[PDB]
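Everything below concerns the one structure shown next.
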Amino acid sequence: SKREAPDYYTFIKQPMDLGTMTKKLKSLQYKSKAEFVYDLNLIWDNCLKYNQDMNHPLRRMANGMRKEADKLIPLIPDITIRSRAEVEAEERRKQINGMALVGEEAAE
C-alpha cells in the first residue's frame with residue numbers, strides 16, 4: 001500500500017507481489033509459463049532491492065519461496081493461449097513486534 005511504502009511507486013515502478021497476482025487472476029493477463037517465471041524472478045529482485053539489508057528474515061522467506069517455485073514449477077507446460085481464429089487460419093493456410101516474532105521463529 002502507498003501508505004506503508006509511499007516511495008514504492010517512486011522507487012519500484014513495477015509493484016508485483018501476491019496481492020498483484022490475486023488481482024490479476026480475474027483479468028486474463030497470462031500467456032505462458034515464462035511470464036510467471038519472470039514475475040517471480042522480479043519479485044525476488046524487488047524484495048532484495050527495497051530492503052537492501054541482507055540479514056532481514058524477509059529475504060530468507062523470499063529464498064524459501066524461490067526454492068518452492070523451483071520445486072513446483074515443473075508441472076506447468078509452456079502452453080500459449082492461441083485464439084481459435086488464429087489456429088484455424090494457420091491450419092487453412094497450411095491446408096512490528098509481529099514481524100520481530102516471525103523473524104525469531106524463522107531463526108529458531
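Just remember, in the C-alpha cells the first chain shown is A, the second B, etc., residues are 1-based per chain, and ligands are 1-based in the order shown.
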
Within 9 Å of residue 81 of chain A, counting only C-alpha atoms, which residues qualify if same-chain residues fewer than 4 places away don't, as a CSV table (one decimal) with C-alpha atoms, in the first residue's frame?
chain,number,residue,atom,x,y,z
A,30,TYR,CA,-1.4,-14.7,-18.7
A,31,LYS,CA,0.1,-16.3,-21.9
A,32,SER,CA,2.8,-18.7,-21.0

**Message:** Neighbouring residues of residue 62 of chain A were defined as those with any atom within 9 Å, considering only C-alpha atoms; residues of the same chain fewer than 2 positions away were excluded. Please report them as an MDAnalysis selection string.
**Reply:** chainID A and resid 43:44 47:48 57:60 64:67

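If you look at atom CA of residue 50 of chain A and atom CA of residue 17 of chain A, they are 12.8 Å away from each other.
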
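Among the candidates A:41, A:27, A:51, A:46, the one nearest to residue 15 of chain A when counting only C-alpha atoms is A:46.
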
**Item:** DSSP-assigned helix (DSSP H, G or I) members of segment 6-90 of chain A, reported as a ChimeraX atom specification
**Value:** /A:8-11,18-25,33-50,57-72,84-90

Show me a table, sorted first by chain and then by increasing residue number, of the residues of segment 34-86 of chain A having an atom at most 12 Å from segment 91-97 of chain A, each with its shortest atom pair and the distance in Å to one decimal, counting only C-alpha atoms and written as a Markdown table.
| residue | atom | partner | partner_atom | distance |
| --- | --- | --- | --- | --- |
| A:84 | CA | A:91 | CA | 10.4 |
| A:85 | CA | A:91 | CA | 9.8 |
| A:86 | CA | A:91 | CA | 8.6 |

Who sits within 10 Å of residue 106 of chain A, only C-alpha atoms, same chain under 2 positions skipped, as a short mmCIF file (atom, residue, chain, number, x, y, z; two decimals) with C-alpha atoms, in the first residue's frame:
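Result written to out-v6.cif:
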data_model
loop_
_atom_site.label_atom_id
_atom_site.label_comp_id
_atom_site.auth_asym_id
_atom_site.auth_seq_id
_atom_site.Cartn_x
_atom_site.Cartn_y
_atom_site.Cartn_z
CA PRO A 57 14.27 -12.59 7.60
CA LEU A 58 12.05 -11.26 4.80
CA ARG A 60 15.15 -15.59 3.97
CA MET A 61 11.42 -16.09 3.40
CA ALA A 100 10.06 -9.48 15.06
CA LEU A 101 8.43 -12.65 16.41
CA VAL A 102 8.13 -14.06 12.88
CA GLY A 103 11.84 -13.46 12.35
CA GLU A 104 12.62 -15.03 15.72
CA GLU A 108 14.69 -20.82 15.59
#

**Request:** Please measure the separation of atom CA of residue 99 of chain A and atom CA of residue 14 of chain A, giving the value in Å to one decimal.
**Result:**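 Calculated distance between atom CA of residue 99 of chain A and atom CA of residue 14 of chain A is 24.4 Å.
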